[PDB]
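Below is the file input12.pdb, which contains PDB, C-alpha atoms (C1' of nucleotides).
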```
MODEL        1
ATOM      1  CA  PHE A   2     -76.085  56.232 -49.559  1.00  0.00           C
ATOM      2  CA  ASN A   3     -79.240  58.065 -48.494  1.00  0.00           C
ATOM      3  CA  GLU A   4     -78.318  57.836 -44.774  1.00  0.00           C
ATOM      4  CA  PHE A   5     -81.707  59.369 -44.060  1.00  0.00           C
ATOM      5  CA  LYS A   6     -81.787  61.175 -40.721  1.00  0.00           C
ATOM      6  CA  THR A   7     -84.547  60.438 -38.225  1.00  0.00           C
ATOM      7  CA  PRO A   8     -86.025  63.155 -35.963  1.00  0.00           C
ATOM      8  CA  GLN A   9     -85.277  62.905 -32.235  1.00  0.00           C
ATOM      9  CA  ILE A  10     -88.500  62.993 -30.211  1.00  0.00           C
ATOM     10  CA  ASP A  11     -88.826  59.851 -28.059  1.00  0.00           C
ATOM     11  CA  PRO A  12     -86.712  56.643 -28.127  1.00  0.00           C
ATOM     12  CA  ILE A  13     -90.025  54.768 -28.291  1.00  0.00           C
ATOM     13  CA  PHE A  14     -91.656  56.879 -31.005  1.00  0.00           C
ATOM     14  CA  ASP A  15     -88.258  57.341 -32.661  1.00  0.00           C
ATOM     15  CA  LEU A  16     -87.890  53.561 -32.681  1.00  0.00           C
ATOM     16  CA  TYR A  17     -91.303  53.217 -34.335  1.00  0.00           C
ATOM     17  CA  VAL A  18     -90.617  55.743 -37.098  1.00  0.00           C
ATOM     18  CA  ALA A  19     -87.024  54.687 -37.832  1.00  0.00           C
ATOM     19  CA  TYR A  20     -88.174  51.051 -37.733  1.00  0.00           C
ATOM     20  CA  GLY A  21     -91.103  51.566 -40.097  1.00  0.00           C
ATOM     21  CA  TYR A  22     -88.513  53.154 -42.348  1.00  0.00           C
ATOM     22  CA  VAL A  23     -87.432  49.642 -43.336  1.00  0.00           C
ATOM     23  CA  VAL A  24     -90.949  48.362 -44.053  1.00  0.00           C
ATOM     24  CA  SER A  25     -91.507  51.410 -46.249  1.00  0.00           C
ATOM     25  CA  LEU A  26     -88.195  50.613 -47.960  1.00  0.00           C
ATOM     26  CA  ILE A  27     -88.695  46.894 -48.637  1.00  0.00           C
ATOM     27  CA  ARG A  28     -91.881  47.310 -50.680  1.00  0.00           C
ATOM     28  CA  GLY A  29     -90.014  49.667 -53.020  1.00  0.00           C
ATOM     29  CA  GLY A  30     -86.784  47.689 -52.941  1.00  0.00           C
ATOM     30  CA  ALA A  31     -83.766  49.361 -51.319  1.00  0.00           C
ATOM     31  CA  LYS A  32     -81.435  46.401 -50.904  1.00  0.00           C
ATOM     32  CA  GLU A  33     -78.206  46.421 -48.844  1.00  0.00           C
ATOM     33  CA  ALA A  34     -79.606  48.652 -46.097  1.00  0.00           C
ATOM     34  CA  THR A  35     -78.695  48.814 -42.413  1.00  0.00           C
ATOM     35  CA  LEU A  36     -80.015  50.421 -39.224  1.00  0.00           C
ATOM     36  CA  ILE A  37     -77.422  51.877 -36.835  1.00  0.00           C
ATOM     37  CA  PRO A  38     -78.804  52.647 -33.348  1.00  0.00           C
ATOM     38  CA  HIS A  39     -77.665  55.785 -31.533  1.00  0.00           C
ATOM     39  CA  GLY A  40     -79.415  55.154 -28.226  1.00  0.00           C
ATOM     40  CA  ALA A  41     -82.503  57.032 -29.399  1.00  0.00           C
ATOM     41  CA  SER A  42     -81.872  58.388 -32.920  1.00  0.00           C
ATOM     42  CA  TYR A  43     -81.837  55.004 -34.720  1.00  0.00           C
ATOM     43  CA  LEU A  44     -80.274  56.265 -37.938  1.00  0.00           C
ATOM     44  CA  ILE A  45     -80.664  54.255 -41.148  1.00  0.00           C
ATOM     45  CA  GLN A  46     -78.216  53.876 -44.039  1.00  0.00           C
ATOM     46  CA  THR A  47     -79.677  52.928 -47.420  1.00  0.00           C
ATOM     47  CA  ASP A  48     -78.827  53.364 -51.110  1.00  0.00           C
ATOM     48  CA  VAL A  49     -82.369  54.509 -51.899  1.00  0.00           C
ATOM     49  CA  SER A  50     -83.597  57.800 -53.313  1.00  0.00           C
ATOM     50  CA  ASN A  51     -86.787  59.523 -52.154  1.00  0.00           C
ATOM     51  CA  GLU A  52     -89.198  58.400 -54.880  1.00  0.00           C
ATOM     52  CA  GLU A  53     -88.831  54.656 -54.253  1.00  0.00           C
ATOM     53  CA  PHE A  54     -89.175  55.375 -50.534  1.00  0.00           C
ATOM     54  CA  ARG A  55     -92.459  57.163 -51.231  1.00  0.00           C
ATOM     55  CA  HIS A  56     -93.726  54.362 -53.486  1.00  0.00           C
ATOM     56  CA  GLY A  57     -92.951  51.787 -50.804  1.00  0.00           C
ATOM     57  CA  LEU A  58     -94.656  53.872 -48.124  1.00  0.00           C
ATOM     58  CA  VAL A  59     -97.788  54.419 -50.216  1.00  0.00           C
ATOM     59  CA  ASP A  60     -97.920  50.702 -51.068  1.00  0.00           C
ATOM     60  CA  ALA A  61     -97.718  49.840 -47.370  1.00  0.00           C
ATOM     61  CA  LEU A  62    -100.430  52.326 -46.422  1.00  0.00           C
ATOM     62  CA  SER A  63    -102.558  51.173 -49.370  1.00  0.00           C
ATOM     63  CA  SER A  64    -102.465  47.648 -47.962  1.00  0.00           C
ATOM     64  CA  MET A  65    -103.194  49.232 -44.570  1.00  0.00           C
ATOM     65  CA  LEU A  66    -106.309  51.015 -45.848  1.00  0.00           C
ATOM     66  CA  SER A  67    -107.412  47.926 -47.789  1.00  0.00           C
ATOM     67  CA  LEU A  68    -107.296  46.007 -44.511  1.00  0.00           C
ATOM     68  CA  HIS A  69    -109.088  48.886 -42.762  1.00  0.00           C
ATOM     69  CA  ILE A  70    -112.021  48.958 -45.204  1.00  0.00           C
ATOM     70  CA  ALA A  71    -112.540  45.201 -44.783  1.00  0.00           C
ATOM     71  CA  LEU A  72    -114.307  45.946 -41.481  1.00  0.00           C
ATOM     72  CA  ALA A  73    -116.589  48.762 -40.360  1.00  0.00           C
ATOM     73  CA  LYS A  82    -117.008  57.318 -39.880  1.00  0.00           C
ATOM     74  CA  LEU A  83    -115.720  53.757 -40.317  1.00  0.00           C
ATOM     75  CA  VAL A  84    -114.391  51.858 -37.289  1.00  0.00           C
ATOM     76  CA  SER A  85    -112.609  48.551 -37.905  1.00  0.00           C
ATOM     77  CA  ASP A  86    -111.293  46.060 -35.359  1.00  0.00           C
ATOM     78  CA  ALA A  87    -107.734  46.505 -36.660  1.00  0.00           C
ATOM     79  CA  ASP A  88    -104.459  47.058 -34.822  1.00  0.00           C
ATOM     80  CA  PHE A  89    -104.175  50.659 -36.041  1.00  0.00           C
ATOM     81  CA  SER A  90    -107.946  51.268 -35.896  1.00  0.00           C
ATOM     82  CA  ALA A  91    -109.344  49.680 -32.718  1.00  0.00           C
ATOM     83  CA  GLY A  92    -106.936  46.969 -31.530  1.00  0.00           C
ATOM     84  CA  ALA A  93    -104.403  49.422 -30.099  1.00  0.00           C
ATOM     85  CA  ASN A  94    -106.250  52.772 -30.181  1.00  0.00           C
ATOM     86  CA  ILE A  95    -107.420  52.898 -26.569  1.00  0.00           C
ATOM     87  CA  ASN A  96    -109.389  56.101 -27.258  1.00  0.00           C
ATOM     88  CA  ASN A  97    -112.707  55.864 -29.092  1.00  0.00           C
ATOM     89  CA  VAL A  98    -112.196  59.111 -31.087  1.00  0.00           C
ATOM     90  CA  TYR A  99    -108.821  57.817 -32.415  1.00  0.00           C
ATOM     91  CA  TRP A 100    -110.656  54.827 -33.924  1.00  0.00           C
ATOM     92  CA  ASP A 101    -111.896  57.268 -36.571  1.00  0.00           C
ATOM     93  CA  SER A 102    -109.050  59.792 -36.303  1.00  0.00           C
ATOM     94  CA  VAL A 103    -106.233  57.440 -37.355  1.00  0.00           C
ATOM     95  CA  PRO A 104    -107.780  56.101 -40.617  1.00  0.00           C
ATOM     96  CA  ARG A 105    -108.655  59.641 -41.705  1.00  0.00           C
ATOM     97  CA  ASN A 106    -105.064  60.736 -41.093  1.00  0.00           C
ATOM     98  CA  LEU A 107    -103.779  57.728 -43.041  1.00  0.00           C
ATOM     99  CA  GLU A 108    -106.034  58.417 -46.026  1.00  0.00           C
ATOM    100  CA  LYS A 109    -105.111  62.120 -45.967  1.00  0.00           C
ATOM    101  CA  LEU A 110    -101.434  61.126 -46.023  1.00  0.00           C
ATOM    102  CA  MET A 111    -102.183  58.913 -49.023  1.00  0.00           C
ATOM    103  CA  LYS A 112    -104.179  61.574 -50.895  1.00  0.00           C
ATOM    104  CA  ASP A 113    -101.308  64.003 -50.371  1.00  0.00           C
ATOM    105  CA  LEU A 114     -98.832  61.300 -51.350  1.00  0.00           C
ATOM    106  CA  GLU A 115     -99.901  59.860 -54.711  1.00  0.00           C
ATOM    107  CA  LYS A 116     -99.928  63.362 -56.243  1.00  0.00           C
ATOM    108  CA  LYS A 117     -96.222  63.970 -55.473  1.00  0.00           C
ATOM    109  CA  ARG A 118     -97.026  66.577 -52.802  1.00  0.00           C
ATOM    110  CA  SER A 119     -95.306  66.966 -49.436  1.00  0.00           C
ATOM    111  CA  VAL A 120     -97.319  67.342 -46.238  1.00  0.00           C
ATOM    112  CA  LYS A 121     -98.066  70.792 -44.834  1.00  0.00           C
ATOM    113  CA  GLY A 122     -99.457  70.146 -41.341  1.00  0.00           C
ATOM    114  CA  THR A 123     -98.953  68.388 -38.007  1.00  0.00           C
ATOM    115  CA  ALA A 124    -101.023  65.987 -35.921  1.00  0.00           C
ATOM    116  CA  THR A 125    -101.262  64.936 -32.264  1.00  0.00           C
ATOM    117  CA  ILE A 126     -99.638  61.573 -31.412  1.00  0.00           C
ATOM    118  CA  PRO A 127    -101.719  59.164 -29.293  1.00  0.00           C
ATOM    119  CA  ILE A 128    -100.226  57.524 -26.229  1.00  0.00           C
ATOM    120  CA  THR A 129    -100.280  54.198 -28.097  1.00  0.00           C
ATOM    121  CA  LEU A 130     -97.282  54.962 -30.317  1.00  0.00           C
ATOM    122  CA  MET A 131     -95.457  56.633 -27.418  1.00  0.00           C
ATOM    123  CA  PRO A 132     -96.316  56.113 -23.729  1.00  0.00           C
ATOM    124  CA  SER A 133     -94.082  59.076 -22.842  1.00  0.00           C
ATOM    125  CA  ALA A 134     -96.614  61.525 -24.315  1.00  0.00           C
ATOM    126  CA  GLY A 135    -100.083  62.449 -23.073  1.00  0.00           C
ATOM    127  CA  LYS A 136    -102.547  65.299 -22.773  1.00  0.00           C
ATOM    128  CA  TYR A 137    -100.812  67.895 -20.570  1.00  0.00           C
ATOM    129  CA  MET A 138     -97.247  69.025 -19.863  1.00  0.00           C
ATOM    130  CA  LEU A 139     -95.820  70.765 -16.792  1.00  0.00           C
ATOM    131  CA  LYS A 140     -94.252  74.006 -18.032  1.00  0.00           C
ATOM    132  CA  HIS A 141     -93.315  75.936 -14.872  1.00  0.00           C
ATOM    133  CA  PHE A 142     -96.200  75.799 -12.379  1.00  0.00           C
ATOM    134  CA  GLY A 143     -98.953  74.132 -14.383  1.00  0.00           C
ATOM    135  CA  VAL A 144    -100.063  72.540 -17.630  1.00  0.00           C
ATOM    136  CA  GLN A 145    -101.157  73.653 -21.105  1.00  0.00           C
ATOM    137  CA  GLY A 146    -104.600  73.437 -22.618  1.00  0.00           C
ATOM    138  CA  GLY A 147    -104.904  70.885 -25.371  1.00  0.00           C
ATOM    139  CA  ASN A 148    -101.985  68.648 -26.328  1.00  0.00           C
ATOM    140  CA  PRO A 149     -98.578  70.395 -26.543  1.00  0.00           C
ATOM    141  CA  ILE A 150     -96.900  67.420 -28.251  1.00  0.00           C
ATOM    142  CA  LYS A 151     -97.434  67.148 -32.015  1.00  0.00           C
ATOM    143  CA  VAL A 152     -95.550  65.416 -34.829  1.00  0.00           C
ATOM    144  CA  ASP A 153     -95.285  65.623 -38.601  1.00  0.00           C
ATOM    145  CA  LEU A 154     -97.932  63.795 -40.613  1.00  0.00           C
ATOM    146  CA  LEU A 155     -95.504  61.626 -42.594  1.00  0.00           C
ATOM    147  CA  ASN A 156     -93.577  60.553 -39.487  1.00  0.00           C
ATOM    148  CA  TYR A 157     -96.846  59.804 -37.673  1.00  0.00           C
ATOM    149  CA  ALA A 158     -98.187  57.662 -40.521  1.00  0.00           C
ATOM    150  CA  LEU A 159     -94.912  55.814 -41.090  1.00  0.00           C
ATOM    151  CA  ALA A 160     -94.516  55.087 -37.379  1.00  0.00           C
ATOM    152  CA  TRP A 161     -98.069  53.726 -37.444  1.00  0.00           C
ATOM    153  CA  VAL A 162     -97.127  51.472 -40.372  1.00  0.00           C
ATOM    154  CA  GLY A 163     -94.030  50.266 -38.528  1.00  0.00           C
ATOM    155  CA  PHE A 164     -96.047  49.546 -35.391  1.00  0.00           C
ATOM    156  CA  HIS A 165     -98.720  47.687 -37.367  1.00  0.00           C
ATOM    157  CA  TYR A 166     -96.293  45.571 -39.394  1.00  0.00           C
ATOM    158  CA  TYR A 167     -93.738  44.534 -36.747  1.00  0.00           C
ATOM    159  CA  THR A 168     -94.571  45.068 -33.083  1.00  0.00           C
ATOM    160  CA  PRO A 169     -96.805  42.416 -31.464  1.00  0.00           C
ATOM    161  CA  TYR A 170     -99.632  43.341 -29.118  1.00  0.00           C
ATOM    162  CA  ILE A 171    -102.217  41.378 -27.132  1.00  0.00           C
ATOM    163  CA  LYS A 172    -105.701  42.450 -26.028  1.00  0.00           C
TER
ATOM    164  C1'   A B   1     -82.228  75.481  -2.760  1.00  0.00           C
ATOM    165  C1'   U B   2     -81.242  71.291  -9.048  1.00  0.00           C
ATOM    166  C1'   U B   3     -88.502  71.315 -14.161  1.00  0.00           C
ATOM    167  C1'   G B   4     -87.395  70.747  -8.855  1.00  0.00           C
ATOM    168  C1'   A B   5     -91.144  72.283  -5.281  1.00  0.00           C
ATOM    169  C1'   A B   6     -96.739  69.730  -2.638  1.00  0.00           C
ATOM    170  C1'   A B   7     -97.719  63.491  -2.569  1.00  0.00           C
ATOM    171  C1'   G B   8     -99.341  56.139   1.510  1.00  0.00           C
ATOM    172  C1'   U B   9    -100.647  52.554  -4.536  1.00  0.00           C
ATOM    173  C1'   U B  10    -104.107  53.720   0.380  1.00  0.00           C
ATOM    174  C1'   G B  11    -107.753  51.776   3.533  1.00  0.00           C
ATOM    175  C1'   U B  12    -111.334  46.742   5.100  1.00  0.00           C
ATOM    176  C1'   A B  13    -110.458  40.597   4.312  1.00  0.00           C
ATOM    177  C1'   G B  14    -109.509  33.187   8.786  1.00  0.00           C
ATOM    178  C1'   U B  15    -108.618  28.647   2.954  1.00  0.00           C
ATOM    179  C1'   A B  16    -112.464  28.024   6.386  1.00  0.00           C
ATOM    180  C1'   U B  17    -116.171  24.532   7.878  1.00  0.00           C
ATOM    181  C1'   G B  18    -117.780  18.543   9.202  1.00  0.00           C
ATOM    182  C1'   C B  19    -113.476  13.728   8.300  1.00  0.00           C
ATOM    183  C1'   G B  20    -111.971   6.906  13.513  1.00  0.00           C
ATOM    184  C1'   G B  21    -105.903   4.787   9.577  1.00  0.00           C
ATOM    185  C1'   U B  22    -111.195   1.803  10.587  1.00  0.00           C
ATOM    186  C1'   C B  23    -113.291  -3.312  11.287  1.00  0.00           C
ATOM    187  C1'   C B  24    -111.353  -9.614  11.917  1.00  0.00           C
ATOM    188  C1'   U B  25    -106.250 -12.165  13.729  1.00  0.00           C
ATOM    189  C1'   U B  26    -103.061 -18.006  19.134  1.00  0.00           C
ATOM    190  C1'   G B  27     -96.146 -17.102  17.038  1.00  0.00           C
ATOM    191  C1'   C B  28     -99.862 -21.853  16.945  1.00  0.00           C
ATOM    192  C1'   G B  29     -99.032 -27.589  17.311  1.00  0.00           C
ATOM    193  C1'   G B  30     -95.157 -32.227  18.678  1.00  0.00           C
ATOM    194  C1'   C B  31     -90.136 -32.554  21.896  1.00  0.00           C
ATOM    195  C1'   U B  32     -86.534 -37.511  28.034  1.00  0.00           C
ATOM    196  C1'   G B  33     -79.999 -32.390  28.345  1.00  0.00           C
ATOM    197  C1'   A B  34     -81.144 -38.928  28.593  1.00  0.00           C
ATOM    198  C1'   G B  35     -78.589 -43.680  29.099  1.00  0.00           C
ATOM    199  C1'   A B  36     -73.483 -46.236  31.864  1.00  0.00           C
ATOM    200  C1'   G B  37     -70.508 -44.838  36.927  1.00  0.00           C
ATOM    201  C1'   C B  38     -67.183 -48.257  44.266  1.00  0.00           C
ATOM    202  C1'   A B  39     -64.098 -41.972  47.017  1.00  0.00           C
ATOM    203  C1'   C B  40     -62.523 -46.790  45.999  1.00  0.00           C
ATOM    204  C1'   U B  41     -58.032 -49.728  47.518  1.00  0.00           C
ATOM    205  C1'   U B  42     -53.355 -50.257  52.315  1.00  0.00           C
ATOM    206  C1'   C B  43     -53.676 -48.535  58.228  1.00  0.00           C
ATOM    207  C1'   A B  44     -52.286 -50.547  66.368  1.00  0.00           C
ATOM    208  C1'   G B  45     -52.749 -43.813  68.819  1.00  0.00           C
ATOM    209  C1'   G B  46     -48.580 -46.682  69.164  1.00  0.00           C
ATOM    210  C1'   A B  47     -44.513 -47.985  72.173  1.00  0.00           C
ATOM    211  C1'   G B  48     -42.173 -47.032  78.271  1.00  0.00           C
ATOM    212  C1'   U B  49     -44.813 -46.834  83.774  1.00  0.00           C
ATOM    213  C1'   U B  50     -45.141 -48.806  92.272  1.00  0.00           C
ATOM    214  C1'   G B  51     -50.552 -43.124  94.194  1.00  0.00           C
ATOM    215  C1'   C B  52     -44.736 -42.391  94.731  1.00  0.00           C
ATOM    216  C1'   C B  53     -43.010 -42.531  99.468  1.00  0.00           C
ATOM    217  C1'   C B  54     -42.655 -41.488 106.848  1.00  0.00           C
ATOM    218  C1'   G B  55     -47.257 -43.390 110.676  1.00  0.00           C
ATOM    219  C1'   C B  56     -48.528 -45.946 118.982  1.00  0.00           C
ATOM    220  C1'   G B  57     -56.127 -42.209 119.899  1.00  0.00           C
TER
ENDMDL
END
```
Would you kindly transcribe this structure into structure tokens?
Amino acid sequence: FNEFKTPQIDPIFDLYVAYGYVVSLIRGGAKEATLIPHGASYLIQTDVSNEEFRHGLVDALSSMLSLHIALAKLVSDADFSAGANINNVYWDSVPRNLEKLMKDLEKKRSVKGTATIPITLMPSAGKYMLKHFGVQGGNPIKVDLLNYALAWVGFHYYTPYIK
RNA sequence: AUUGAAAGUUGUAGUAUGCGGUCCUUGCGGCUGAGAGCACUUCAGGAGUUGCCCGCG
């Protein structure tokens, strides 16, 4: 069993990533899988290796980008583009991140950077953070590119939202 | 003196204004508590009895 571990950041963001795990898995197969919750970790047990996981994830994000291009720096009225991205700059930021994740992904190459998580995928985050007696410039909270993209896929494929 | 320390989810706001439970209406007309009827029939205030007794204008 893969029993792939899931990073502990936020039981809302952690839910999104560990729960888009399954949608990335189903498109590549990975039968007889289960999701054990640990309060916030949300570990997953599966008999899958990494390559089928990656093929499923890239298939999901390929459908995602195909849906994105259907409407239009391209801004589409999609859940992951403008339906849930409350910020105007994220309307363009998210699709570019998704396509960069793809371009890194079909060539069998792991990611090498990190990206800022909007408040949409986790309301616990934000712009600032109180360190001792004040805040930091910019956004202290950042997440891995693959986790960010896969949490976006999980949010777009499962969780309902109304505008 | 606890990642706690400072902090109104705050101030102002009428469901309010005019709107008939209203106009017409017999508890109405006819009706014998009436006809027959002995307080009637028998009946003694009744039976006894010295104004009594004496008398010179």
Legend entry - Explicit residue set for the PyMOL selection byres ((chain B) within 10 of (chain A)), as JSON, numbers by chain: {"B": [3, 4, 5]}
Inset, instruction - Take CA of residue 99 (chain A) and CA of residue 43 (chain A) and report the distance between them in Å, one decimal. - result: 27.2 Å
Inset, instruction - Identify, on the basis of all atoms listed in the file, every residue whose closest approach to region 61-68 of chain A does not exceed 12 Å; exclude the query and any residue fewer than 2 positions from it along the same chain; express the result as number ranges by chain. - result: A: 21-29, 54-59, 70-73, 83-90, 103-112, 114-115, 155, 158-166
Legend entry - Long-range neighbours of region 122-125 of chain A as a VMD selection string, 9 Å cut-off, all atoms listed in the file, 5 positions minimum in chain: chain A and resid 106 148 to 155 157
Legend entry - Point-to-point distance from CA of residue 120 (chain A) to CA of residue 14 (chain A), Å rounded to tenths: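 About the pair CA of residue 120 (chain A) and CA of residue 14 (chain A): they are 19.3 Å apart.
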Legend entry - Gap from CA of residue 172 (chain A) to CA of residue 69 (chain A) - Å, one decimal: 18.2 Å
Inset, instruction - Between A:41, A:49, A:31, A:91, single out the one closest to residue 17 (chain A), counting only C-alpha atoms. - result: A:41
Let me know the centre plus edge lengths, in Å and rounded to one decimal, of a box with edges along x, y and z that contains all listed atoms of region 45-51 of chain B and is padded by 3 Å on every side, as JSON.
```
{"center_x": -47.5, "center_y": -46.0, "center_z": 81.5, "size_x": 16.6, "size_y": 11.7, "size_z": 31.4}
```
